[PDB]
Amino acid sequence: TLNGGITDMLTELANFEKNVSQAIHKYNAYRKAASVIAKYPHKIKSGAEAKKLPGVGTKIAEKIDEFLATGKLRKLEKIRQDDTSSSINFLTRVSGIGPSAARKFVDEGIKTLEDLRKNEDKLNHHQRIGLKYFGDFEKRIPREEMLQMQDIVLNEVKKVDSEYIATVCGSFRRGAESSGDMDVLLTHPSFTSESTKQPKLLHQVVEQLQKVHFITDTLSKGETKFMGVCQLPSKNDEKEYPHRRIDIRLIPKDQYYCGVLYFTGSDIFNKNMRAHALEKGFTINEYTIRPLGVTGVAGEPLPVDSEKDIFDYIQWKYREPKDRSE
DNA sequence: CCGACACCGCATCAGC
DNA sequence: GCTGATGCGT
DNA sequence: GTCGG
Ligand SMILES: O=c1ccn([C@H]2C[C@H](O)[C@@H](COP(=O)(O)NP(=O)(O)OP(=O)(O)O)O2)c(=O)[nH]1
Ligand SMILES: [Cl-]
Ligand SMILES: [Cl-]
Ligand SMILES: [Cl-]
Ligand SMILES: [Cl-]
Ligand SMILES: [Cl-]
Ligand SMILES: [Mg+2]
Ligand SMILES: [Mg+2]
Ligand code: NA
Ligand code: NA
């Protein structure tokens with residue numbers, strides 16, 4: 001965090017472009033800049049210096065000079081004042097409420113936590129759960145707590161079918177000391193890119209987890225992706241643990257390595273990796289790595305038996321999960 | 001310039 | 001109902 | 001907002 005101040009500014013700017021300006025690309029642009037600067041091993045002294053890095057152009061260089069001289073950014077000063085912007089930015093913090101709905105709600109006079117609570121009838125299922133755990137969801141998960149959660153999940157999944165394989169990915173697999181949520185990659189020999197010899201594969205596990213009261217709510221649920229809420233149990237007289245977001249993803253067992261690579265992240269790392277893949281003539285998703293034909297159409301999935309094989313194809317030296325935190 | 005920017009599952013909608 | 005666009009978080 | 005051709 002040598003440049004904590006700058007990356008914060010950039011991040012704040014990215015949020016404004018996404019939530020207020022609904023400018024997907026300016027948002028991603030700022031995120032890339034905050035990222036590349038976060039890994040820069042020197043306390044940046046000027047915009048010039050920063051512009052040397054990819055993703056940091058002329059505009060951001062100007063802003064960094066302003067930030068270093070004054071210790072702040074006028075553009076953000078104003079944005080903070082603007083009520084509409086402050087409102088939209090706040091509402092988007094509720095899971096399920098994105099830039100559009102945020103702007104719409106403000107248009108209705110619904111712009112505070114108070115306003116949302118007395119207007120639940122105006123929220124879809126996801127938004128209502130997001131408002132319900134507004135506090136909890138903004139809290140971080142200590143890794144120790146992640147270890148307890150991992151234990152419960154792997155053991156409850158084992159009890160359903162000894163052939164299930166559950167791996168905790170995301171920041172946890174990257175070794176983070178705290179996580180925003182718990183992500184679980186699941187596989188069962190019955191479900192492959194070839195056939196789904198068994199139904200309810202994900203259901204059964206969600207069910208078992210709800211039975212032991214681990215999972216408490218469901219934001220969304222399909223045959224392969226489950227987005228929900230969970231909570232570790234507490235001891236006698238002990239205050240209850242905060243509710244945590246949980247994501248489970250069922251992937252074909254034969255496509256495990258593309259899945260684990262994807263679910264391990266980070267998001268920006270995957271973005272930079274999928275970009276390089278494209279510049280190399282390939283395309284990568286959570287299922288496979290395919291080559292790209294002249295026309296641009298993806299071809300047949302190339303053989304993969306390790307995460308490293310994927311890195312090889314794109315001519316990238318292997319990077320351990322801990323080193324993919326961009 | 002200026003086109004491209006990673007990729008996709010589930011919820012919800014309009015239009016038929 | 002089916003299908004495709006769009007929101008949202010992934 | 002930034003980049004490569
Ligand atoms: O835009 C996205 C979001 C997530 N992902 C992948 C990578 C990420 O590590 C993984 C898990 O998603 P989370 O949103 O849980 N991210 P992560 O676990 O890295 O961070 P956090 O600790 O905030 O949950 O999904 C993407 O590829 N693109
Ligand atoms: Cl944009
Ligand atoms: Cl500022
Ligand atoms: Cl694979
Ligand atoms: Cl695929
Ligand atoms: Cl996902
Ligand atoms: Mg996560
Ligand atoms: Mg997650
Ligand atoms: Na640059
Ligand atoms: Na939100």
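Just the heavy atoms: all of them, side chains too, but no hydrogens, waters or symmetry mates, feed the values below. First the proteins, then the strands, lettered A, B, ... as listed; each starts at 1.
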For the side chain of [X], starting at C-beta, report the closest nucleotide among [options].
| X | options | answer |
| --- | --- | --- |
| A:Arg245 | D:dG1, B:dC7, C:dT10 | C:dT10 |
| A:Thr283 | C:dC8, B:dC7, C:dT10 | B:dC7 |
| A:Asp181 | C:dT10, C:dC8, D:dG1 | C:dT10 |
| A:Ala29 | C:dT10, C:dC8, D:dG1 | D:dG1 |
| A:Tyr262 | C:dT10, B:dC5, D:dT2 | C:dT10 |
| A:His25 | B:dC5, B:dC7, D:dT2 | B:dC5 |
| A:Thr224 | B:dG9, C:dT10, B:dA6 | B:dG9 |

For a quick test of reading the model: is some side-chain N or O of [X] closer than 4.0 Å to OP1 or OP2 of [N]?
| X | N | value |
| --- | --- | --- |
| A:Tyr287 | B:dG9 | yes |
| A:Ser220 | C:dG9 | no |
| A:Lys221 | B:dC10 | no |
| A:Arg274 | B:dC5 | no |
| A:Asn285 | B:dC8 | yes |

Sign-based sugar class (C1'-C2'-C3'-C4') of B:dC13 =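 A north-puckered sugar, given its positive torsion.
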[atom1] of [X] versus [atom2] of [N]: gap in Å, rounded?
| X | N | atom1 | atom2 | answer |
| --- | --- | --- | --- | --- |
| A:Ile289 | B:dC7 | CD1 | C1' | 14 Å |
| A:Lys18 | C:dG9 | NZ | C1' | 7 Å |
| A:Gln127 | B:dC13 | CD | P | 11 Å |
| A:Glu286 | B:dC7 | CD | P | 10 Å |
| A:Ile60 | D:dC3 | CD1 | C1' | 12 Å |
| A:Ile24 | C:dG7 | CD1 | P | 11 Å |
| A:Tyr27 | B:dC5 | OH | P | 18 Å |
| A:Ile129 | C:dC8 | CD1 | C1' | 16 Å |

May I ask you to verify whether the side chain of A:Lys225 and the base of B:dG9 hold a donor-acceptor pair under 3.5 Å?
->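 Side chain to base: pair found, below 3.5 Å.
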Looking at every strand, decide which applies to [X] at a 4.0 Å heavy-atom threshold: base, sugar-phosphate, or nothing.
| X | answer |
| --- | --- |
| A:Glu223 | sugar-phosphate |
| A:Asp183 | nothing |
| A:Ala101 | sugar-phosphate |
| A:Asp247 | sugar-phosphate |
| A:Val94 | sugar-phosphate |
| A:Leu53 | sugar-phosphate |

5'-most by nearest nucleotide on DNA chain B - A:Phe226 or A:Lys271 |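 With A:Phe226 and A:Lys271 compared, the 5'-side residue is A:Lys271.
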On DNA chain B, nearest-nucleotide positions of A:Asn28 versus A:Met227: which is more 5'?
->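 Per heavy-atom nearest nucleotide, the more 5' residue is A:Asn28.
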Write down the distance separating the P atoms in B:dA6 and D:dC3, rounded off to the nearest Å.
->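 After rounding to an integer number of Å, I get 14 Å for this pair.
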Same-atom distance (P) from C:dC8 to B:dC7, integer angstrom =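 These two P atoms come out 22 Å apart once rounded.
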Taking the six-membered ring for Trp and the single ring otherwise, decide whether the centroids of A:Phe90 and A:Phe134 are under 6.0 Å apart.
->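 Ring-ring flag for A:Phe90/A:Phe134: true, centres closer than 6.0 Å.
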Go through the steps to decide whether A:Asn119 and A:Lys122 satisfy the test side chain to side chain donor-acceptor pair (under 3.5 Å), and finish with yes or no.
-> CA-CA 6 Å; A:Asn119 270 304; A:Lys122 295 193 184 60; 2.6 Å; yes
Taking the six-membered ring for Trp, does A:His126 stack with C:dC8 (centroid gap under 5.5 Å, planes within less than 30°)?
->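 Whether judged by distance or by angle, A:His126 falls short somewhere, so it does not stack on the base of C:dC8.
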Do you know the tightest heavy-atom contact between A:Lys63 and A:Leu13?
->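 Heavy atoms only, the tightest pair is CD-CD1, 4.1 Å.
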Has A:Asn236 got more than 12 heavy atoms of other residues, nucleotides or ligands less than 6.0 Å from its CG?
->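 Counting other residues, nucleotides and ligands, CG of A:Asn236 stays at 12 neighbours or fewer.
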Please state whether the rings of A:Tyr313 and A:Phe282 are parallel, tilted or perpendicular, taking 30° and 60° as the class boundaries.
->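 Geometry flag for A:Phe282 against A:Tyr313: tilted rings.
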Within 45° cone of A:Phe226 ring axis and under 6.0 Å: A:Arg249 NZ or CZ =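 Cation-pi check for A:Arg249 and A:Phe226: fails.
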Run the salt-bridge test on A:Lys132 and A:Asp217 with the 4.0 Å N-O cut-off and return the result as yes or no.
->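 Salt bridge flag = yes for A:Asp217 with A:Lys132.
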